[PDB]
Amino acid sequence: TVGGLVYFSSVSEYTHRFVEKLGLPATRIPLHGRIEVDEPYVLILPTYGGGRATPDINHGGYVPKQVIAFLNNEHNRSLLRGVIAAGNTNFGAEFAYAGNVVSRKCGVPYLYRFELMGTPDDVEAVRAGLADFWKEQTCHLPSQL
Ligand SMILES: Cc1cc2nc3c(=O)[nH]c(=O)nc-3n(C[C@H](O)[C@H](O)[C@H](O)COP(=O)(O)O)c2cc1C
């Protein structure tokens, strides 16, 4: 069984580069237009909209508009199981804040955060963490009595 993975990456392609390094297959949310997915997934997304030294989870701009639109589709949203976020620690209290926003507002675990295209340690930690994450779903199977 392949873990479900969905990501967004802008013209700078840093999240795309991270996903390529992961060695796990993934579906990219496009710059424009609707897509749909069919099986449970973890979302990897970068953070935009920074600037506010004392930020608030509800202030808009952190989550890419294409991700908001993707998650407005009830079926896509129903299949979201967790989030991994990227950013730049120079943003301080706003570092990787899209992960905070998605995890709190969609009620899913915040699995990991990283900077830019990620380090080798980030790649390894995400590969191991995703494996452990999907294994934990096997603790939730229906009764077969
Ligand atoms: C306009 C703009 C705003 C950004 N705002 C934040 C931010 O609030 N917090 C953060 O951690 N990174 C912020 N970043 C850094 C990006 O999240 C980072 O460069 C990321 O790697 C971009 O991913 P992408 O190349 O896949 O689009 C911002 C970058 C830009 C260009």
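We use all heavy atoms of the structure for the numbers below, so side chains are in, but hydrogens, waters and symmetry mates are not. As the structure lists them, so they are numbered: ligands from 1, and atoms in each ligand from 1. We're numbering straight along the sequence, starting at 1.
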Mark yes when over 12 heavy atoms from residues, nucleotides or ligands other than [X] sit less than 6.0 Å from its [atom1]; otherwise mark no.
X   : atom1 : result
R34 : CZ    : no
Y14 : OH    : no
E39 : CD    : no

Any link between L116 and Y7 through a network of hydrophobic side chains (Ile, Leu, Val, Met, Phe, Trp, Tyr) touching at under 4.5 Å?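 In one cluster with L116: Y7, no.
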Element-labelled atoms of ligand 1 that are located less than 4.0 Å from some non-hydrogen atom of [X]:
X   : result
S12 : 24 (P), 25 (O), 27 (O)
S10 : 24 (P), 25 (O), 26 (O), 27 (O)
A96 : 10 (C), 11 (O)
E94 : 7 (C), 8 (O), 9 (N), 10 (C), 11 (O)
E13 : 25 (O)
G87 : 10 (C), 11 (O), 12 (N), 17 (O)
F95 : 11 (O)

Give a yes/no on ligand 1: does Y48 have at least one heavy atom closer than 4.0 angstrom to it? yes
Which option wins on minimum heavy-atom distance to atom 16 (C) of ligand 1: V11, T47, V19, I44?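 Ranked by closest heavy atom to atom 16 (C) of ligand 1, first place is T47.
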Ring centroids only, cut at 6.0 angstrom: are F114 and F18 within range, meaning strictly under it? yes
Backbone or side chain, does any N or O of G50 fall under 3.5 Å from an N or O of ligand 1? yes
Short N/O distance, under 3.5 Å, between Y97 and ligand 1?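 N/O-N/O distance below 3.5 Å does not exist for this pair.
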Does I57 offer a backbone N or O that forms a donor-acceptor pair with the side chain of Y97 under 3.5 Å? yes
Between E13 and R28, is the closest basic N to carboxylate O distance under 4.0 Å? yes
Show, in sequence, the C-alpha distance, side-chain angles and deciding distance for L130 and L5, and conclude whether the side chain to side chain contact (heavy atoms under 4.5 Å, CB included) test is met. CA-CA 10 Å; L130 290 170; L5 209 47; 4.1 Å; yes
For ligand 1, the portion of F91 having any non-hydrogen atom under 4.0 Å away: side chain
